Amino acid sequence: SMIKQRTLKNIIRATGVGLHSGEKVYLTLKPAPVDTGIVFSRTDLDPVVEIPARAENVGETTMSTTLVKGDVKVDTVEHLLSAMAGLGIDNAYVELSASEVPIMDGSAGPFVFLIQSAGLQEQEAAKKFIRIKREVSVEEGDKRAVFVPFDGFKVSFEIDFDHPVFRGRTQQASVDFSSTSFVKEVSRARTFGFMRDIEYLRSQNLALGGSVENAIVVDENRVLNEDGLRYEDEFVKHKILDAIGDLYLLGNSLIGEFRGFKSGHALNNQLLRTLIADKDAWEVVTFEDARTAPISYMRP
């Protein structure tokens, strides 16, 4: 049997606060038809504004990944998108009551839980994958983001903070999803910030919802969160989580390998844009027989 498209089985609702806006927001996930993709909609507005979660709709990428359509935005999509990608959700409406996805606990754990509580529905259409055929790379200064051909899905990341909390950590991790669970090993990795960068945002009337309840706060010498880390390598795992989410703006699951080096949302989106434009570097494929596939998905 083919690998089929997936949507949600039921509607589910969550509440939280926008990391940047500090505004309380209601999120509603709904099933969608085949070939819809993930579509955001601002149900607080009249008319209601829909923004497909695609690379073409990305605006600002300086702090988080924002979607735009004229003067309407949806901020901070990446951790929700990471959860959709990690569970292989093809088709969904994401309704928001305000301009930002709720931060929840700073990770993708609450979203992965919410989605699986709703349950998944296989649909009668072949799931489309984007397969990397040729290496594609973007760089700026010492930052690099790369796609390499690979029969599977694997994401590697390296960070380099010249900082007391990070010295003598390897600062590198690789996850290969043939053997390793997005839920168990990536989903819980919380966002993080250094104190001087946080203070800068607050001075600009940003990061207004942020706190030790939804982020790892690192002062000049120490993590401030009294209860410690979820993973020895939570920082680099969060970078992988963000990459997975940013990558999902392609609109289809990837067959290939991503490697990031001190990269973030801006270079992640540049990599997508360069990939898309280089049509020799990728193809859309389906699997009529799941046994020939380099990726598999958990039961719905």
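Start at 1 and count along the sequence shown; that's the residue number. By rigid core we mean the largest C-alpha set that fits within 1.5 Å across both forms.
Chemist: With the rigid core as the fit anchor, does 89-97 or 174-182 show bigger C-alpha shifts in 9 other deposited structures of this protein?
Modeler: Higher root mean square deviation of C-alphas in 9 other deposited structures of this protein is shown by 174-182.
Chemist: Hey, after superposing on the core, which one moves around more in 9 other deposited structures of this protein, 217-225 or 131-139, CA-wise?
Modeler: It is 217-225 whose C-alphas lie farther from the shown form in 9 other deposited structures of this protein.
Chemist: Given the B-factors recorded for C-alpha atoms, which segment has the greater mean, 199-207 or 161-169?
Modeler: Of 199-207 and 161-169, the stretch with the higher C-alpha B-factor average is 161-169.
Chemist: Averaging C-alpha B-factors over each stretch, which comes out higher, 216-224 or 137-145?
Modeler: In the deposited entry, the stretch with the higher C-alpha B-factor mean is 216-224.
Chemist: From 242, 257, 35, 234, pick the one with the largest CA B-factor in the entry?
Modeler: Answer, based on the entry's C-alpha B-factors: 35.
Chemist: Between 263, 270, 57, 43, where does the Cα B-factor run highest in the record?
Modeler: Answer for 263, 270, 57, 43: 43, with the highest C-alpha B-factor.
Chemist: When the modelled residues of the chain are sorted by Cα temperature factor, does residue 11 land in the lowest, middle or highest third?
Modeler: Highest third of the chain for residue 11's C-alpha B-factor.
Chemist: In terms of the CA temperature factor given in the entry, to which third of its chain does residue 123 belong: lowest, middle or highest?
Modeler: CA B-factor rank for residue 123: highest third.
Chemist: Going by the CA temperature factor in the PDB record, which third of the chain does residue 24 belong to: lowest, middle or highest?
Modeler: According to the entry, residue 24 has a C-alpha B-factor in the chain's middle third.
Chemist: Place residue 80 in the lowest, middle or highest third of its chain's C-alpha B-factors, as listed in the PDB entry.
Modeler: CA B-factor rank for residue 80: lowest third.
Chemist: Sort the modelled residues of this chain by their C-alpha B factor and say whether residue 178 lands in the lowest, middle or highest third.
Modeler: Residue 178: CA B-factor falls in the lowest third of its chain.
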